[PDB]
Amino acid sequence: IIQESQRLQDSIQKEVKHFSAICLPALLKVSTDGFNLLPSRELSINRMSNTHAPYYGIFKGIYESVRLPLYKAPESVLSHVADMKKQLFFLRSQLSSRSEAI
Amino acid sequence: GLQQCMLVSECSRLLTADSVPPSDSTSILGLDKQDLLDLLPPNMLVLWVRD
Amino acid sequence: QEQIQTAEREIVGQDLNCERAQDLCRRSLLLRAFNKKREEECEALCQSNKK
Amino acid sequence: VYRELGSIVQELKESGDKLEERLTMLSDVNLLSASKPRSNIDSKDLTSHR
Amino acid sequence: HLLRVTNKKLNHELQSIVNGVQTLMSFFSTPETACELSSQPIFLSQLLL
């Protein structure tokens, strides 16, 4: 009894301390493929949803580098970059044509 | 009433990792969905708030 | 247009995400529910001590 | 007297076991606050790789 | 603060159970040493035959 009572000593405080260290949103798991539960914060669509999200600062930097407005949906980033590449190809072709013409 | 209803709902979900019943999964702080539902305002106030 | 863009940057920066307050509310509710469960457990040990 | 003490020890033991299980769960690294985003892109982040 | 109070209460109850059981067990311990006059046997197995 002494041994089991010692195990439960300050049990509430011990649990509260561990709870205070946890991130609550990490508990919100969603299944995209019905099988794999991932925390909603790790979803690619939520990287810009909240200023406190872990990857917000990094992606804010990526949006500004590719000149994509912050109000745009995250699903637009790859399409936009693809268009930029398309534009680069077009500009190169124009330069080559003009250089040849000169 | 509304704040409390939303909070309970948010927290209920934190507990229910829609995961698969594993009959064996340890809830956070040992809390079940029912423990949170008890903290809802009286049913008459909840219906009033929703209307 | 330069003034509008500056004002826009300010609004975007003010996007009041009261996520911290909300987190505290969630934690508070969960701990209240936890406290209630632990009070029930204390009552059960009290009964054993009486015996 | 033996049966009664036996019941109390069992209750304390069950409570103790359940507490250890919960503590183990709360100590999971994935639940612990905002570890500074990882510098390396996780293999599971298909969007960043793409 | 409420959880700290509840935690003190729970620690008290756990100690009460430990003290209670120790007291209870003191009634079953046979005083080896003749000398101590004071502990009058409470169990017929204690002997007195």
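To keep things simple, chains are lettered A, B, C, D and E as they appear, and every chain counts its residues starting from 1.
Everything below uses one rule, namely that a residue touches a chain if its C-beta (ideal position, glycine included) is under 8 Å from a C-beta of that chain, and two chains touch if they have at least 3 such contacts.
In terms of the distance between Cα centroids, chain E is separated most widely from A. Top contact pair of chains, counted by C-beta pairs, is A-D. Per-chain CA centroids place chain A at a distance of 25 Å from chain D. Each chain gets a centre from the mean of its Cα atoms; for chain B and chain C, those two points are 14 Å apart. Note on chain placement: the centre of chain A and the centre of chain E lie 60 Å apart, centres being C-alpha means.
Distance between chain B and chain E, defined via averaged C-alpha coordinates, is recorded as 44 Å. Each of the following residues of chain A touches two or more other chains: 1, 5, 8, 11-12, 15-16, 19, 22, 24, 27, 52. Across the assembly, chain B contributes residues 14, 28-30 that each touch 2 or more other chains. Contacts with at least two other chains are made by residues 5, 8, 15, 22, 26 of chain D.
Chain E meets chain A in the complex at residues 3-4, 6-7, 10-11, 14-15, 17-18, 21. By the touch criterion stated above, chain D contacts chain C in their complex at residues 4, 8, 11, 15.
Across the complex, chain B meets chain C through its residues 3, 7-8, 10-11, 14, 28-31, 35-36, 38-39. Interface of chain D with chain A (complex): residues 5, 8-9, 12-13, 15-16, 19, 22-23, 26-27, 30-35, 37, 44-48, 50. Contact residues on chain D toward chain B in their complex (touch as defined above): 18, 21-22, 24-26.
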